[PDB]
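Participant: So that you have it, the file is my_file-v5.txt, and it contains compact mmCIF, N, CA and C atoms:
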```
# COMPACT_ATOMS: atom_id res chain seq x y z
N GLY A 2 86.93 87.57 88.62
CA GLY A 2 88.15 88.21 88.17
C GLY A 2 89.03 88.55 89.35
N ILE A 3 90.29 88.13 89.26
CA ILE A 3 91.25 88.34 90.34
C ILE A 3 91.51 89.83 90.51
N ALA A 4 91.43 90.31 91.75
CA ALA A 4 91.63 91.71 92.10
C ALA A 4 93.10 92.00 92.34
N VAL A 5 93.43 93.29 92.37
CA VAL A 5 94.79 93.72 92.73
C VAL A 5 94.67 94.51 94.04
N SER A 6 95.39 94.06 95.07
CA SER A 6 95.20 94.70 96.36
C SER A 6 95.74 96.12 96.34
N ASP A 7 95.15 96.95 97.20
CA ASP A 7 95.60 98.33 97.34
C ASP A 7 97.06 98.40 97.73
N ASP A 8 97.53 97.45 98.53
CA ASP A 8 98.92 97.47 98.96
C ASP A 8 99.86 97.35 97.80
N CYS A 9 99.48 96.62 96.75
CA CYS A 9 100.31 96.60 95.55
C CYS A 9 100.57 98.01 95.04
N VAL A 10 99.52 98.81 94.91
CA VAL A 10 99.66 100.18 94.43
C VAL A 10 100.45 101.03 95.41
N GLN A 11 100.25 100.82 96.71
CA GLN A 11 100.96 101.60 97.71
C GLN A 11 102.46 101.37 97.61
N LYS A 12 102.88 100.11 97.59
CA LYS A 12 104.30 99.82 97.47
C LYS A 12 104.84 100.33 96.14
N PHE A 13 104.06 100.20 95.06
CA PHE A 13 104.52 100.70 93.79
C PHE A 13 104.73 102.21 93.86
N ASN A 14 103.79 102.93 94.49
CA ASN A 14 103.90 104.37 94.58
C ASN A 14 105.10 104.76 95.45
N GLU A 15 105.40 103.94 96.46
CA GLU A 15 106.58 104.19 97.28
C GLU A 15 107.84 104.05 96.43
N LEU A 16 107.86 103.08 95.52
CA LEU A 16 109.00 102.95 94.63
C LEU A 16 109.02 104.10 93.62
N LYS A 17 107.86 104.40 93.01
CA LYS A 17 107.83 105.31 91.89
C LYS A 17 107.98 106.74 92.36
N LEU A 18 107.25 107.09 93.41
CA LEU A 18 107.28 108.44 93.95
C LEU A 18 108.44 108.54 94.94
N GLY A 19 108.48 107.70 95.96
CA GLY A 19 109.49 107.95 96.99
C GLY A 19 110.88 107.40 96.70
N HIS A 20 111.07 106.62 95.62
CA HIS A 20 112.31 105.86 95.39
C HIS A 20 112.67 105.02 96.62
N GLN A 21 111.66 104.49 97.30
CA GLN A 21 111.93 103.84 98.58
C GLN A 21 112.38 102.38 98.45
N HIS A 22 112.13 101.76 97.31
CA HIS A 22 112.39 100.33 97.08
C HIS A 22 113.07 100.21 95.74
N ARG A 23 114.03 99.28 95.60
CA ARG A 23 114.62 99.01 94.29
C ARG A 23 113.67 98.21 93.43
N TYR A 24 112.84 97.39 94.09
CA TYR A 24 111.93 96.51 93.38
C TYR A 24 110.82 96.05 94.34
N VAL A 25 109.70 95.60 93.75
CA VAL A 25 108.62 94.97 94.51
C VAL A 25 108.17 93.79 93.67
N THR A 26 108.01 92.64 94.31
CA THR A 26 107.43 91.51 93.58
C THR A 26 106.02 91.23 94.10
N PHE A 27 105.22 90.59 93.25
CA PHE A 27 103.84 90.35 93.55
C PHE A 27 103.45 88.94 93.13
N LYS A 28 102.51 88.35 93.88
CA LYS A 28 102.05 86.98 93.67
C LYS A 28 100.56 86.87 93.96
N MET A 29 99.96 85.77 93.51
CA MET A 29 98.57 85.51 93.85
C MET A 29 98.49 85.12 95.34
N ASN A 30 97.43 85.58 96.01
CA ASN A 30 97.24 85.19 97.40
C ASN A 30 96.81 83.72 97.45
N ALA A 31 96.75 83.18 98.67
CA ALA A 31 96.46 81.75 98.83
C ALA A 31 95.15 81.37 98.17
N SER A 32 94.15 82.24 98.22
CA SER A 32 92.85 81.92 97.65
C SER A 32 92.75 82.20 96.15
N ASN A 33 93.82 82.70 95.52
CA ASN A 33 93.80 83.10 94.11
C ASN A 33 92.67 84.07 93.79
N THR A 34 92.31 84.88 94.77
CA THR A 34 91.33 85.94 94.58
C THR A 34 91.95 87.31 94.41
N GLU A 35 93.20 87.52 94.84
CA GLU A 35 93.82 88.84 94.82
C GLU A 35 95.31 88.74 94.56
N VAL A 36 95.87 89.70 93.83
CA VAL A 36 97.32 89.87 93.72
C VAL A 36 97.77 90.65 94.94
N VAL A 37 98.87 90.20 95.55
CA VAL A 37 99.39 90.81 96.77
C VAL A 37 100.89 91.01 96.66
N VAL A 38 101.42 91.84 97.57
CA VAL A 38 102.86 92.08 97.64
C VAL A 38 103.56 90.85 98.20
N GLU A 39 104.62 90.39 97.49
CA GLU A 39 105.41 89.26 97.95
C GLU A 39 106.71 89.75 98.59
N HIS A 40 107.60 90.35 97.82
CA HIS A 40 108.87 90.85 98.39
C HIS A 40 108.99 92.34 98.13
N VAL A 41 109.64 93.04 99.06
CA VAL A 41 109.99 94.46 98.91
C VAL A 41 111.49 94.56 99.06
N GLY A 42 112.18 95.06 98.04
CA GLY A 42 113.64 95.20 98.10
C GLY A 42 114.01 96.65 98.39
N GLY A 43 114.94 96.85 99.35
CA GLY A 43 115.37 98.20 99.70
C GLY A 43 116.05 98.94 98.55
N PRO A 44 116.25 100.25 98.70
CA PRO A 44 116.84 101.01 97.59
C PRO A 44 118.17 100.48 97.11
N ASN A 45 118.96 99.85 97.97
CA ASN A 45 120.27 99.37 97.56
C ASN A 45 120.30 97.88 97.32
N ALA A 46 119.13 97.23 97.30
CA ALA A 46 119.05 95.83 96.90
C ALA A 46 119.51 95.70 95.44
N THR A 47 120.02 94.51 95.07
CA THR A 47 120.68 94.31 93.79
C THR A 47 119.75 93.55 92.82
N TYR A 48 120.09 93.58 91.53
CA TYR A 48 119.33 92.79 90.56
C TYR A 48 119.33 91.32 90.95
N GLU A 49 120.44 90.85 91.50
CA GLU A 49 120.52 89.44 91.89
C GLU A 49 119.65 89.13 93.11
N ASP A 50 119.53 90.06 94.06
CA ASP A 50 118.62 89.87 95.20
C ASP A 50 117.20 89.57 94.72
N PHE A 51 116.78 90.25 93.64
CA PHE A 51 115.48 90.04 93.02
C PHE A 51 115.44 88.70 92.27
N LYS A 52 116.33 88.52 91.30
CA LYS A 52 116.26 87.38 90.38
C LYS A 52 116.45 86.07 91.11
N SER A 53 117.35 86.05 92.09
CA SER A 53 117.70 84.77 92.73
C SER A 53 116.53 84.13 93.48
N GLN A 54 115.48 84.90 93.77
CA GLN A 54 114.36 84.42 94.55
C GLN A 54 113.14 84.04 93.70
N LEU A 55 113.20 84.20 92.38
CA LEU A 55 112.05 83.89 91.56
C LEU A 55 111.84 82.38 91.56
N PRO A 56 110.60 81.92 91.70
CA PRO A 56 110.36 80.46 91.76
C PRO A 56 110.54 79.80 90.39
N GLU A 57 111.21 78.65 90.41
CA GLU A 57 111.48 77.94 89.17
C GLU A 57 110.19 77.46 88.53
N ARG A 58 109.18 77.10 89.34
CA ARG A 58 107.96 76.52 88.80
C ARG A 58 106.71 77.28 89.21
N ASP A 59 106.81 78.59 89.39
CA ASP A 59 105.61 79.41 89.54
C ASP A 59 105.89 80.75 88.88
N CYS A 60 104.82 81.52 88.63
CA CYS A 60 104.92 82.86 88.07
C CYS A 60 104.89 83.93 89.15
N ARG A 61 105.39 85.10 88.77
CA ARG A 61 105.39 86.30 89.60
C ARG A 61 105.25 87.49 88.67
N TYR A 62 104.78 88.61 89.25
CA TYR A 62 104.93 89.92 88.67
C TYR A 62 105.98 90.68 89.47
N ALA A 63 106.58 91.68 88.83
CA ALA A 63 107.52 92.54 89.57
C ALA A 63 107.59 93.91 88.93
N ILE A 64 107.97 94.90 89.75
CA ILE A 64 108.40 96.21 89.29
C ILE A 64 109.83 96.38 89.76
N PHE A 65 110.71 96.73 88.85
CA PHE A 65 112.12 96.97 89.17
C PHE A 65 112.47 98.36 88.67
N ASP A 66 112.98 99.20 89.57
CA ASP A 66 113.43 100.54 89.22
C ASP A 66 114.85 100.39 88.70
N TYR A 67 114.99 100.16 87.38
CA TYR A 67 116.27 99.78 86.79
C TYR A 67 117.13 101.01 86.49
N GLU A 68 118.26 101.10 87.17
CA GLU A 68 119.17 102.23 87.09
C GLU A 68 120.36 101.91 86.20
N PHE A 69 120.72 102.86 85.35
CA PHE A 69 121.89 102.69 84.48
C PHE A 69 122.42 104.06 84.12
N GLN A 70 123.60 104.09 83.50
CA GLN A 70 124.22 105.32 83.05
C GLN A 70 124.26 105.38 81.54
N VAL A 71 123.99 106.57 81.00
CA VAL A 71 124.19 106.82 79.59
C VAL A 71 125.08 108.05 79.50
N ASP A 72 126.21 107.91 78.81
CA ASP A 72 127.22 108.96 78.72
C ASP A 72 127.51 109.58 80.09
N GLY A 73 127.64 108.71 81.11
CA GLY A 73 127.93 109.14 82.46
C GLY A 73 126.78 109.75 83.23
N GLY A 74 125.64 110.01 82.57
CA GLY A 74 124.47 110.51 83.26
C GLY A 74 123.60 109.37 83.76
N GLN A 75 122.91 109.62 84.87
CA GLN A 75 122.08 108.59 85.46
C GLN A 75 120.70 108.55 84.80
N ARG A 76 120.22 107.35 84.54
CA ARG A 76 118.86 107.14 84.05
C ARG A 76 118.22 106.02 84.84
N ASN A 77 116.89 106.03 84.85
CA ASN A 77 116.09 105.02 85.53
C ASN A 77 114.95 104.64 84.61
N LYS A 78 114.51 103.39 84.69
CA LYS A 78 113.32 102.97 83.95
C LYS A 78 112.50 102.08 84.88
N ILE A 79 111.27 102.49 85.15
CA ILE A 79 110.32 101.66 85.88
C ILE A 79 109.96 100.49 84.98
N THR A 80 110.40 99.30 85.35
CA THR A 80 110.30 98.10 84.51
C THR A 80 109.30 97.12 85.12
N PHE A 81 108.25 96.76 84.36
CA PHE A 81 107.30 95.73 84.79
C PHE A 81 107.73 94.39 84.20
N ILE A 82 107.73 93.35 85.02
CA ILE A 82 108.22 92.03 84.60
C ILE A 82 107.15 90.99 84.87
N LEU A 83 106.78 90.21 83.84
CA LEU A 83 106.00 89.00 84.02
C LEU A 83 107.01 87.86 83.98
N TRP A 84 107.22 87.20 85.12
CA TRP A 84 108.05 86.01 85.22
C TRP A 84 107.09 84.84 85.09
N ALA A 85 107.20 84.11 83.99
CA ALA A 85 106.26 83.05 83.64
C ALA A 85 107.03 81.88 83.05
N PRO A 86 107.75 81.14 83.88
CA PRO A 86 108.64 80.10 83.36
C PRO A 86 107.84 78.98 82.73
N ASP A 87 108.42 78.38 81.69
CA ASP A 87 107.70 77.32 80.99
C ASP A 87 107.34 76.19 81.95
N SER A 88 108.14 75.99 83.00
CA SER A 88 107.89 74.87 83.90
C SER A 88 106.78 75.14 84.91
N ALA A 89 106.23 76.35 84.98
CA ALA A 89 105.09 76.59 85.86
C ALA A 89 103.86 75.81 85.35
N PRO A 90 102.95 75.43 86.26
CA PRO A 90 101.75 74.69 85.83
C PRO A 90 100.87 75.58 84.95
N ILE A 91 100.15 74.95 84.02
CA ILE A 91 99.39 75.75 83.05
C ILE A 91 98.37 76.64 83.75
N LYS A 92 97.75 76.12 84.80
CA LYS A 92 96.82 76.89 85.63
C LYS A 92 97.46 78.21 86.07
N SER A 93 98.70 78.13 86.55
CA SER A 93 99.37 79.30 87.10
C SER A 93 99.70 80.31 86.01
N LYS A 94 100.27 79.84 84.89
CA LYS A 94 100.52 80.73 83.75
C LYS A 94 99.24 81.41 83.30
N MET A 95 98.16 80.64 83.15
CA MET A 95 96.84 81.16 82.83
C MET A 95 96.42 82.30 83.77
N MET A 96 96.53 82.08 85.09
CA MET A 96 96.12 83.07 86.07
C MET A 96 96.92 84.36 85.89
N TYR A 97 98.23 84.24 85.76
CA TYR A 97 99.08 85.43 85.74
C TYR A 97 99.02 86.15 84.41
N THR A 98 98.90 85.42 83.30
CA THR A 98 98.76 86.10 82.02
C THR A 98 97.42 86.83 81.95
N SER A 99 96.33 86.17 82.34
CA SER A 99 95.03 86.82 82.18
C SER A 99 94.83 87.97 83.17
N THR A 100 95.59 88.02 84.26
CA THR A 100 95.51 89.13 85.20
C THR A 100 96.56 90.21 84.93
N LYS A 101 97.44 89.98 83.94
CA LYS A 101 98.54 90.91 83.70
C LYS A 101 98.05 92.32 83.33
N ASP A 102 97.04 92.42 82.47
CA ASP A 102 96.54 93.74 82.07
C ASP A 102 96.01 94.52 83.26
N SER A 103 95.30 93.84 84.17
CA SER A 103 94.71 94.51 85.31
C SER A 103 95.77 95.16 86.20
N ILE A 104 96.82 94.41 86.57
CA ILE A 104 97.83 94.98 87.46
C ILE A 104 98.59 96.10 86.77
N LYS A 105 98.99 95.91 85.50
CA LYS A 105 99.73 96.95 84.78
C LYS A 105 98.95 98.25 84.75
N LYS A 106 97.65 98.18 84.45
CA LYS A 106 96.90 99.42 84.34
C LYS A 106 96.77 100.11 85.69
N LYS A 107 96.84 99.37 86.80
CA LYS A 107 96.79 100.01 88.12
C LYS A 107 98.14 100.57 88.56
N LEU A 108 99.23 100.16 87.94
CA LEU A 108 100.57 100.68 88.26
C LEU A 108 100.96 101.71 87.21
N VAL A 109 100.40 102.90 87.37
CA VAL A 109 100.56 103.97 86.39
C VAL A 109 102.01 104.43 86.39
N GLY A 110 102.60 104.55 85.20
CA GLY A 110 103.97 105.03 85.11
C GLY A 110 105.00 103.97 84.76
N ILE A 111 104.56 102.77 84.37
CA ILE A 111 105.48 101.78 83.82
C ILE A 111 106.06 102.29 82.51
N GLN A 112 107.37 102.18 82.38
CA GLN A 112 108.10 102.64 81.19
C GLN A 112 108.60 101.54 80.29
N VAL A 113 108.84 100.35 80.84
CA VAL A 113 109.43 99.20 80.16
C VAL A 113 108.69 97.96 80.65
N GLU A 114 108.46 97.01 79.74
CA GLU A 114 107.85 95.72 80.07
C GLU A 114 108.74 94.60 79.55
N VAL A 115 108.90 93.57 80.37
CA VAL A 115 109.67 92.37 80.06
C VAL A 115 108.81 91.16 80.38
N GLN A 116 108.76 90.17 79.47
CA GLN A 116 108.11 88.89 79.78
C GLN A 116 109.19 87.82 79.67
N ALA A 117 109.49 87.15 80.78
CA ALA A 117 110.57 86.18 80.82
C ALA A 117 110.00 84.79 81.09
N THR A 118 110.48 83.79 80.34
CA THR A 118 110.02 82.42 80.50
C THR A 118 111.14 81.45 80.87
N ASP A 119 112.36 81.94 81.01
CA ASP A 119 113.48 81.09 81.42
C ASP A 119 114.60 81.97 81.95
N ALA A 120 115.65 81.30 82.43
CA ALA A 120 116.71 82.01 83.14
C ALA A 120 117.38 83.05 82.25
N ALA A 121 117.58 82.73 80.96
CA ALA A 121 118.22 83.70 80.09
C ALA A 121 117.32 84.92 79.89
N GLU A 122 116.00 84.73 79.86
CA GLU A 122 115.11 85.85 79.59
C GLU A 122 114.95 86.79 80.78
N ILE A 123 115.31 86.37 81.99
CA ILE A 123 115.27 87.20 83.19
C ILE A 123 116.66 87.64 83.62
N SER A 124 117.67 87.35 82.81
CA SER A 124 119.05 87.80 83.07
C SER A 124 119.14 89.33 83.15
N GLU A 125 120.09 89.85 83.96
CA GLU A 125 120.25 91.29 83.94
C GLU A 125 120.56 91.80 82.53
N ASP A 126 121.30 91.04 81.74
CA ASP A 126 121.63 91.51 80.40
C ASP A 126 120.35 91.75 79.60
N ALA A 127 119.37 90.87 79.76
CA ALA A 127 118.13 90.97 79.00
C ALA A 127 117.33 92.20 79.41
N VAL A 128 117.19 92.42 80.73
CA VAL A 128 116.46 93.57 81.24
C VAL A 128 117.16 94.86 80.88
N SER A 129 118.47 94.90 81.10
CA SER A 129 119.26 96.06 80.74
C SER A 129 119.12 96.38 79.25
N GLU A 130 119.20 95.36 78.39
CA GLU A 130 119.07 95.62 76.97
C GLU A 130 117.72 96.27 76.65
N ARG A 131 116.66 95.79 77.30
CA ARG A 131 115.32 96.31 77.06
C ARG A 131 115.11 97.68 77.69
N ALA A 132 115.83 97.99 78.78
CA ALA A 132 115.58 99.22 79.52
C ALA A 132 116.18 100.44 78.84
N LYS A 133 117.35 100.30 78.22
CA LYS A 133 117.95 101.42 77.53
C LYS A 133 117.71 101.39 76.03
N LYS A 134 116.82 100.52 75.57
CA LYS A 134 116.37 100.57 74.19
C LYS A 134 115.72 101.95 73.96
```
Could the structure of this file be written out as structure tokens, please?

Facilitator:
Amino acid sequence: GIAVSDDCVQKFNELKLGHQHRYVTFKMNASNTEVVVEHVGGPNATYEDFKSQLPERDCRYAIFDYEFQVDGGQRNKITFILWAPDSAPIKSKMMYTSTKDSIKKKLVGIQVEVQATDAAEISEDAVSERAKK
């Protein structure tokens, strides 16, 4: 069973507790034995900084601290994202789907979950719609 590295939780806690990162992405390590931190986005990194780097033919996990306004007040939603494009190899989708429960349960405090399989499903409009639901 693929493990989740401690650093994943550390970076997540930095985002969740310290508001230190706008987002963190995660990927399987070279040996497919552990989930590891891939990218760390600074507090002022944009939704596009995150989305533009997702691989067309591989899967990723991510946490995005999604900020929006409701009636002029600020809100945030810790959003977990499974990026699993249809064009990824079946092996890869298999690995990331079957490990999804393990990583989510270690990242305590997720408020919103999104599973995206194509460009429209990972659009900011899609995440935003799900975050203020």

Participant: Give me the residues within 8 Å of range 60-70 of chain A as a PDB file with N, CA and C atoms, in the frame of the given file, counting only N, CA and C atoms and dropping any in the same chain fewer than 3 places off.

Facilitator:
```pdb
ATOM      1  N   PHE A  13     104.060 100.200  95.060  1.00  0.00           N
ATOM      2  CA  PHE A  13     104.520 100.700  93.790  1.00  0.00           C
ATOM      3  C   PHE A  13     104.730 102.210  93.860  1.00  0.00           C
ATOM      4  N   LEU A  16     107.860 103.080  95.520  1.00  0.00           N
ATOM      5  CA  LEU A  16     109.000 102.950  94.630  1.00  0.00           C
ATOM      6  C   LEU A  16     109.020 104.100  93.620  1.00  0.00           C
ATOM      7  N   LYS A  17     107.860 104.400  93.010  1.00  0.00           N
ATOM      8  CA  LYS A  17     107.830 105.310  91.890  1.00  0.00           C
ATOM      9  C   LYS A  17     107.980 106.740  92.360  1.00  0.00           C
ATOM     10  N   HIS A  22     112.130 101.760  97.310  1.00  0.00           N
ATOM     11  CA  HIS A  22     112.390 100.330  97.080  1.00  0.00           C
ATOM     12  C   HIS A  22     113.070 100.210  95.740  1.00  0.00           C
ATOM     13  N   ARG A  23     114.030  99.280  95.600  1.00  0.00           N
ATOM     14  CA  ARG A  23     114.620  99.010  94.290  1.00  0.00           C
ATOM     15  C   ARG A  23     113.670  98.210  93.430  1.00  0.00           C
ATOM     16  N   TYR A  24     112.840  97.390  94.090  1.00  0.00           N
ATOM     17  CA  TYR A  24     111.930  96.510  93.380  1.00  0.00           C
ATOM     18  C   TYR A  24     110.820  96.050  94.340  1.00  0.00           C
ATOM     19  N   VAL A  25     109.700  95.600  93.750  1.00  0.00           N
ATOM     20  CA  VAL A  25     108.620  94.970  94.510  1.00  0.00           C
ATOM     21  C   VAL A  25     108.170  93.790  93.670  1.00  0.00           C
ATOM     22  N   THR A  26     108.010  92.640  94.310  1.00  0.00           N
ATOM     23  CA  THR A  26     107.430  91.510  93.580  1.00  0.00           C
ATOM     24  C   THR A  26     106.020  91.230  94.100  1.00  0.00           C
ATOM     25  N   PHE A  27     105.220  90.590  93.250  1.00  0.00           N
ATOM     26  CA  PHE A  27     103.840  90.350  93.550  1.00  0.00           C
ATOM     27  C   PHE A  27     103.450  88.940  93.130  1.00  0.00           C
ATOM     28  N   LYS A  28     102.510  88.350  93.880  1.00  0.00           N
ATOM     29  CA  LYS A  28     102.050  86.980  93.670  1.00  0.00           C
ATOM     30  C   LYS A  28     100.560  86.870  93.960  1.00  0.00           C
ATOM     31  N   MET A  29      99.960  85.770  93.510  1.00  0.00           N
ATOM     32  CA  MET A  29      98.570  85.510  93.850  1.00  0.00           C
ATOM     33  C   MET A  29      98.490  85.120  95.340  1.00  0.00           C
ATOM     34  N   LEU A  55     113.200  84.200  92.380  1.00  0.00           N
ATOM     35  CA  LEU A  55     112.050  83.890  91.560  1.00  0.00           C
ATOM     36  C   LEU A  55     111.840  82.380  91.560  1.00  0.00           C
ATOM     37  N   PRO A  56     110.600  81.920  91.700  1.00  0.00           N
ATOM     38  CA  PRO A  56     110.360  80.460  91.760  1.00  0.00           C
ATOM     39  C   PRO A  56     110.540  79.800  90.390  1.00  0.00           C
ATOM     40  N   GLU A  57     111.210  78.650  90.410  1.00  0.00           N
ATOM     41  CA  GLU A  57     111.480  77.940  89.170  1.00  0.00           C
ATOM     42  C   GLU A  57     110.190  77.460  88.530  1.00  0.00           C
ATOM     43  N   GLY A  73     127.640 108.710  81.110  1.00  0.00           N
ATOM     44  CA  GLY A  73     127.930 109.140  82.460  1.00  0.00           C
ATOM     45  C   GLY A  73     126.780 109.750  83.230  1.00  0.00           C
ATOM     46  N   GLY A  74     125.640 110.010  82.570  1.00  0.00           N
ATOM     47  CA  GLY A  74     124.470 110.510  83.260  1.00  0.00           C
ATOM     48  C   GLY A  74     123.600 109.370  83.760  1.00  0.00           C
ATOM     49  N   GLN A  75     122.910 109.620  84.870  1.00  0.00           N
ATOM     50  CA  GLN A  75     122.080 108.590  85.460  1.00  0.00           C
ATOM     51  C   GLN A  75     120.700 108.550  84.800  1.00  0.00           C
ATOM     52  N   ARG A  76     120.220 107.350  84.540  1.00  0.00           N
ATOM     53  CA  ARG A  76     118.860 107.140  84.050  1.00  0.00           C
ATOM     54  C   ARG A  76     118.220 106.020  84.840  1.00  0.00           C
ATOM     55  N   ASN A  77     116.890 106.030  84.850  1.00  0.00           N
ATOM     56  CA  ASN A  77     116.090 105.020  85.530  1.00  0.00           C
ATOM     57  C   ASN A  77     114.950 104.640  84.610  1.00  0.00           C
ATOM     58  N   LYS A  78     114.510 103.390  84.690  1.00  0.00           N
ATOM     59  CA  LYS A  78     113.320 102.970  83.950  1.00  0.00           C
ATOM     60  C   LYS A  78     112.500 102.080  84.880  1.00  0.00           C
ATOM     61  N   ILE A  79     111.270 102.490  85.150  1.00  0.00           N
ATOM     62  CA  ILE A  79     110.320 101.660  85.880  1.00  0.00           C
ATOM     63  C   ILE A  79     109.960 100.490  84.980  1.00  0.00           C
ATOM     64  N   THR A  80     110.400  99.300  85.350  1.00  0.00           N
ATOM     65  CA  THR A  80     110.300  98.100  84.510  1.00  0.00           C
ATOM     66  C   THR A  80     109.300  97.120  85.120  1.00  0.00           C
ATOM     67  N   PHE A  81     108.250  96.760  84.360  1.00  0.00           N
ATOM     68  CA  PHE A  81     107.300  95.730  84.790  1.00  0.00           C
ATOM     69  C   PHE A  81     107.730  94.390  84.200  1.00  0.00           C
ATOM     70  N   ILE A  82     107.730  93.350  85.020  1.00  0.00           N
ATOM     71  CA  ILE A  82     108.220  92.030  84.600  1.00  0.00           C
ATOM     72  C   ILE A  82     107.150  90.990  84.870  1.00  0.00           C
ATOM     73  N   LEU A  83     106.780  90.210  83.840  1.00  0.00           N
ATOM     74  CA  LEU A  83     106.000  89.000  84.020  1.00  0.00           C
ATOM     75  C   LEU A  83     107.010  87.860  83.980  1.00  0.00           C
ATOM     76  N   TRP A  84     107.220  87.200  85.120  1.00  0.00           N
ATOM     77  CA  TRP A  84     108.050  86.010  85.220  1.00  0.00           C
ATOM     78  C   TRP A  84     107.090  84.840  85.090  1.00  0.00           C
ATOM     79  N   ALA A  85     107.200  84.110  83.990  1.00  0.00           N
ATOM     80  CA  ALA A  85     106.260  83.050  83.640  1.00  0.00           C
ATOM     81  C   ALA A  85     107.030  81.880  83.050  1.00  0.00           C
ATOM     82  N   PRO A  86     107.750  81.140  83.880  1.00  0.00           N
ATOM     83  CA  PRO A  86     108.640  80.100  83.360  1.00  0.00           C
ATOM     84  C   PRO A  86     107.840  78.980  82.730  1.00  0.00           C
ATOM     85  N   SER A  88     108.140  75.990  83.000  1.00  0.00           N
ATOM     86  CA  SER A  88     107.890  74.870  83.900  1.00  0.00           C
ATOM     87  C   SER A  88     106.780  75.140  84.910  1.00  0.00           C
ATOM     88  N   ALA A  89     106.230  76.350  84.980  1.00  0.00           N
ATOM     89  CA  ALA A  89     105.090  76.590  85.860  1.00  0.00           C
ATOM     90  C   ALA A  89     103.860  75.810  85.350  1.00  0.00           C
ATOM     91  N   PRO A  90     102.950  75.430  86.260  1.00  0.00           N
ATOM     92  CA  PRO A  90     101.750  74.690  85.830  1.00  0.00           C
ATOM     93  C   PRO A  90     100.870  75.580  84.950  1.00  0.00           C
ATOM     94  N   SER A  93      98.700  78.130  86.550  1.00  0.00           N
ATOM     95  CA  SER A  93      99.370  79.300  87.100  1.00  0.00           C
ATOM     96  C   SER A  93      99.700  80.310  86.010  1.00  0.00           C
ATOM     97  N   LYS A  94     100.270  79.840  84.890  1.00  0.00           N
ATOM     98  CA  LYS A  94     100.520  80.730  83.750  1.00  0.00           C
ATOM     99  C   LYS A  94      99.240  81.410  83.300  1.00  0.00           C
ATOM    100  N   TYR A  97      98.230  84.240  85.760  1.00  0.00           N
ATOM    101  CA  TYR A  97      99.080  85.430  85.740  1.00  0.00           C
ATOM    102  C   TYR A  97      99.020  86.150  84.410  1.00  0.00           C
ATOM    103  N   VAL A 128     117.190  92.420  80.730  1.00  0.00           N
ATOM    104  CA  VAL A 128     116.460  93.570  81.240  1.00  0.00           C
ATOM    105  C   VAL A 128     117.160  94.860  80.880  1.00  0.00           C
ATOM    106  N   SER A 129     118.470  94.900  81.100  1.00  0.00           N
ATOM    107  CA  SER A 129     119.260  96.060  80.740  1.00  0.00           C
ATOM    108  C   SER A 129     119.120  96.380  79.250  1.00  0.00           C
ATOM    109  N   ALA A 132     115.830  97.990  78.780  1.00  0.00           N
ATOM    110  CA  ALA A 132     115.580  99.220  79.520  1.00  0.00           C
ATOM    111  C   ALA A 132     116.180 100.440  78.840  1.00  0.00           C
TER     112      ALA A 132
END
```

Participant: Hey, which of A:41, A:91, A:2, A:10 ends up closest to residue 105 in chain A? Count only C-alpha atoms.

Facilitator: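 Checking each of A:41, A:91, A:2, A:10 against residue 105 in chain A, counting only C-alpha atoms, the winner is A:10.
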
Participant: Looking only at the backbone, which of the residues in range 14-58 of chain A does DSSP tag as strand (DSSP E), as a ChimeraX atom specification?

Facilitator: /A:24-29,35-42

Participant: Find the distance between CA of residue 32 in chain A and atom N of residue 104 in chain A and write it in Å to one decimal.

Facilitator: 17.2 Å

Participant: So that I can check the surroundings of residue 34 in chain A, please list as a PyMOL selection string every protein, DNA and RNA residue that reaches within 10 Å of it, counting only C-alpha atoms and ignoring chain neighbours fewer than 2 positions away.

Facilitator: chain A and resi 2-6+29-32+36-37

Participant: Expressed in Å to a single decimal, how great is the separation between atom N of residue 12 in chain A and atom C of residue 53 in chain A?

Facilitator: 21.4 Å

Participant: At what distance in Å, to one decimal, does CA of residue 133 in chain A lie from CA of residue 40 in chain A?

Facilitator: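 Computing the Euclidean distance for CA of residue 40 in chain A and CA of residue 133 in chain A yields 25.1 Å.
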
Participant: Would you give me, as a ChimeraX atom specification, the residues in range 54-113 of chain A that DSSP reads as alpha helix (DSSP H)?

Facilitator: /A:91-107

Participant: Could you check the closest approach to residue 43 in chain A for each of A:103, A:118, A:21, A:11 and tell me which residue wins, using all atoms listed in the file?

Facilitator: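 Checking each of A:103, A:118, A:21, A:11 against residue 43 in chain A, counting all atoms listed in the file, the winner is A:21.
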
Participant: Output as AutoDock Vina command-line options the centre and edge lengths (Å, one decimal) of the box along x, y and z of the file that holds every listed atom of range 100-113 of chain A after adding 8 Å on each side.

Facilitator:
```
--center_x 102.1 --center_y 96.5 --center_z 84.4 --size_x 30.7 --size_y 33.0 --size_z 24.4
```

Participant: Restrict the output to range 19-23 of chain A and N, CA, C and O atoms, then write it as a compact mmCIF listing (two decimals), in the first residue's frame.

Facilitator:
```txt
# COMPACT_ATOMS: atom_id res chain seq x y z
N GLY A 19 -0.82 27.81 8.95
CA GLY A 19 -0.11 29.07 8.81
C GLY A 19 -0.59 29.98 7.67
O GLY A 19 -0.09 31.11 7.58
N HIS A 20 -1.51 29.51 6.81
CA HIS A 20 -1.85 30.22 5.56
C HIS A 20 -0.60 30.54 4.75
O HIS A 20 -0.50 31.59 4.11
N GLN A 21 0.38 29.63 4.77
CA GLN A 21 1.67 29.96 4.17
C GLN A 21 1.72 29.73 2.66
O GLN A 21 2.64 30.23 2.00
N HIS A 22 0.81 28.93 2.13
CA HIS A 22 0.81 28.51 0.72
C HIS A 22 -0.60 28.67 0.21
O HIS A 22 -1.53 28.36 0.94
N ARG A 23 -0.76 29.08 -1.06
CA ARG A 23 -2.10 29.12 -1.66
C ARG A 23 -2.55 27.72 -2.02
O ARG A 23 -3.75 27.41 -1.98
```
